[PDB]
Amino acid sequence: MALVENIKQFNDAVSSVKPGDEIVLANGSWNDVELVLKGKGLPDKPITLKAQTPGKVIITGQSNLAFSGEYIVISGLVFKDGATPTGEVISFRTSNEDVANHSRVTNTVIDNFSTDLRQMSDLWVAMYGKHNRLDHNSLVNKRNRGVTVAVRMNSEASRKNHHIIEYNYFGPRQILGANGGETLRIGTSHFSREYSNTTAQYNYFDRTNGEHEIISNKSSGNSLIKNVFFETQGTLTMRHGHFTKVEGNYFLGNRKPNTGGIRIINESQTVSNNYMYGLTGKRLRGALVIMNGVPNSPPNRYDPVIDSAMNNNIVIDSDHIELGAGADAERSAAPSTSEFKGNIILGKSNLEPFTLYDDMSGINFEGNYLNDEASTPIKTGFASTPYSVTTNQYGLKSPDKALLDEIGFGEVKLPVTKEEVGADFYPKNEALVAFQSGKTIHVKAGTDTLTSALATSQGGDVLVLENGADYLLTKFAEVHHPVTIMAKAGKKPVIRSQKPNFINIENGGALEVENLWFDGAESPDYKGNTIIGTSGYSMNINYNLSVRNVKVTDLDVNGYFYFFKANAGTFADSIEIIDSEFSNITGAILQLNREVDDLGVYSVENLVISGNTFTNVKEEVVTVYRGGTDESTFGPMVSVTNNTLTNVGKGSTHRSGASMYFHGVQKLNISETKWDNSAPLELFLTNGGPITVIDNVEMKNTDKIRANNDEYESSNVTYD
């Protein structure tokens, strides 16, 4: 019917709409468009809004879609590189009272509708009203905060909805490094007791690693069944609400880090007939979790587990089954009137997978299996079994056919594949620009030669520098894509700069430097200079920093001169500082303490400091900060091995007054390192389960380890 190519023609076709009529957007770009479509369609005659050719109609800029009435259909659309001017990209409503009932969004795409500020949050699809369908859609590259798809329950109209979120493709989602990165959320805490009755089936979750919750269930009566979780970090949690059915879900961890399974909280839940391979998650992110609750709980906390069944689940090569997880003064109530029956746990990665944080008499264990090699503290309900896991006709590591016939599982096979989900026209091309994957450039020694090479380089390229040659910068050496700046063999070229900062890693940029020498002889007489620094504007694309075999000297023109400053609103998936030497620096080596909100936002996911020497550093070698009490993220994970510190942290300018400072770090491993006439190593351990193993550390002429509390393991700590 009526084809349109502008906002006027479109709103005319909306005003003049009736059951059966189809409004078509013509192939081409639609920038800054706030699409509103109202109308009462019919079961036999539905009011449609479609693309002329699915994939050729593209919506960018400050654009969105709002719709209300009955039997509305949205199909073929694309929403690429832009942002909604409201809180939702696609909305199943037009006002608080006008919601869409019996409507459908299908064969539609949302690719990078992320706001430029990585800190801003918004919902990409917000479902309202009753009996709507959301299927065969691809939603990729969410680089800001908020839920990819949410089911709203703010009013009786949207409650007991019976929505179906089917065959959708949830593309990779980088780590937020803060709370608020769920892929699917059904309801909120304010309306948790109400039944939503939603069904989320046949969806594929591909590396959706936002935070520790891939699905946050926050209402009663929903069914999260037949889904695939390919290498996803975090868990499917029964966050709030009762009577949830979680079955037929395959979780392919492939031994990838921080991969979790299912977390039971609250009442009358049924987690049965799920498959789980190689899940490495622990505590609230275990492969199977049954939490401890808060008795007579406030809605935003945890209801004690009652009347629940975790049965007939296959757990192959996974490390943790957490019973009573989260137990403390707050969560004092252990599961009751529940059961754990006929489970097949086969894995040699952890031979004591069960971690029982409280008494588990409330649970009825019976008919379970655990490989001969592994032990369980649970005296009854468990039977010994040979560790026989063979790759079946579908490529999945399946156990023996007798054990499957005993529990009634059937053929171990995916309920859906990456090829059956999402939009048919849109490709699932990986956004993986690897380091050293491009053309190699040769940089002649001189003034602004590294600057020019960078400016015209491509993503993944390698800039090779002249061994022993002097390089000077007079302009910022900007890094807008992955880049390697190295020199081969063993003659360090000497880089100096007349700007406050040498290299700025900008949005989309990732940097690895090898065999380089940085020196401050040309650095200006300003406080706050740095060798490497992040953008200075929010970076919604995660970065990486690898510093290998580097010399840094004389950063002393003025005070507060750093090696690295990671600005707020920037986030590294990986920071590595290896085989390097640092001398005479008036600031700090790594300033990763700039997140000032105190609500779980931190600057680095993985931090490795190894094989390094530091001499005459007026501030810290490293200061890592994740303030507050948030339990939604895998916090900063730090490793500090084989290092020497000499005259570090003795200055009066840094506020911690430490050589190494750790606040809110969730996995801290310090070993084989020595302190000499430096400032003490400081800890500030926060909530959650912070793993801290300090071993074989020498501390000559240095005041002993500072700490807020003693929740850390310290061995072989030699004073002097």
**OP:** Take the alpha carbon atoms of segment 602-654, find their center, do the same for segment 52-84, and report the distance between the two centers in whole angstrom.
**Re:** 45 Å
Original post:
What list of ³J(HN,Hα) values in whole Hz, one per residue of segment 663-675 in order, does the Karplus curve 6.51 cos²θ - 1.76 cosθ + 1.60 (θ = phi - 60°) give from phi, with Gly and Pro shown as x?
Top reply: 10, x, 5, 8, 9, 10, 10, 10, 8, 6, 9, 10, 10
**OP:** Please identify the longest segment of the chain free of exposed GluC sites (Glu not before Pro), where exposed means a DSSP state other than H, G, I, E or B and no more than 10 other Cβ atoms within 10 Å.
**Re:** 431-720
Original post:
Over the chain, what is the mean sequence separation of C-alpha contacts under 8 Å (at least six apart), divided by residue count, expressed as relative contact order in percent?
Top reply: 6 percent
**OP:** List the residues whose amide H sits under 5 Å from the amide H of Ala327, counting only those 5 or more places along or on another chain, with H placed 1.01 Å from N in the peptide plane.
**Re:** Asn292
Subject >> Counted charge near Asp307, where neighbours are those whose Cβ lies closer than 12 Å (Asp, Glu -1; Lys, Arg +1) >> reply: -3
Original post:
So if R0 is 56 Å, what FRET efficiency would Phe425 and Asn709 give, r being the distance between their Cβ atoms, rounded to the nearest 0.05?
Top reply: 0.50
Original post:
Can you give the extra length, in nm with one decimal, that the chain gains between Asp470 and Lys348 once fully stretched, where that is 0.36 nm per residue apart less the Cα-Cα distance?
Top reply: 38.5 nm
Original post:
Which residues in segment 37-55 place their backbone N less than 15 Å from a point set 7 Å from the Cα of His162 along the Cα-to-Cβ direction?
Top reply: 43
**OP:** Across segment 122-268, how many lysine pairs, 8 or more positions apart or on different chains, have C-alpha atoms separated by under 27 Å? Please give the number.
**Re:** 16
Subject >> Pairwise FRET efficiency - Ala434 versus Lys413, Cβ, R0 = 45 Å, nearest 0.05 >> reply: 0.90
Subject >> Net length gained if the chain between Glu22 and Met1 were fully extended (0.36 nm per residue, minus Cα distance) >> reply: 7.0 nm
Original post:
Shape of the chain from its Cα gyration tensor (a ≥ b ≥ c, root eigenvalues): rounded if a/c is under 1.5, otherwise prolate when a/b > b/c, or oblate?
Top reply: oblate
Original post:
Tell me, what HN-Hα J-couplings in whole Hz come from the Karplus equation 6.51 cos²θ - 1.76 cosθ + 1.60 at θ = phi - 60° for each residue of segment 212-223, using x for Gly and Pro?
Top reply: 6, 10, 7, 10, 10, 7, 10, 7, 8, x, 8, 10
Subject >> Once exposed loop trypsin sites (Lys or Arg not before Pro) are cut out (DSSP; at most 12 other Cβ, 10 Å), longest piece of the chain >> reply: 1-347
Original post:
Taking the Cβ-Cβ separation of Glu34 and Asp573 as r and a Förster radius of 35 Å, what is the calculated FRET efficiency to the nearest 0.05?
Top reply: 0.50
**OP:** Give me the distance in nm between label points sitting 7 Å out from Cα along the Cα-to-Cβ direction at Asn701 and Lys551, one decimal.
**Re:** 2.5 nm
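Throughout, read-outs are computed from the coordinates displayed, never taken from laboratory work. Ideal geometry is used to build each Cβ from the backbone, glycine not excepted, and the neighbour counts take in all protein chains shown.
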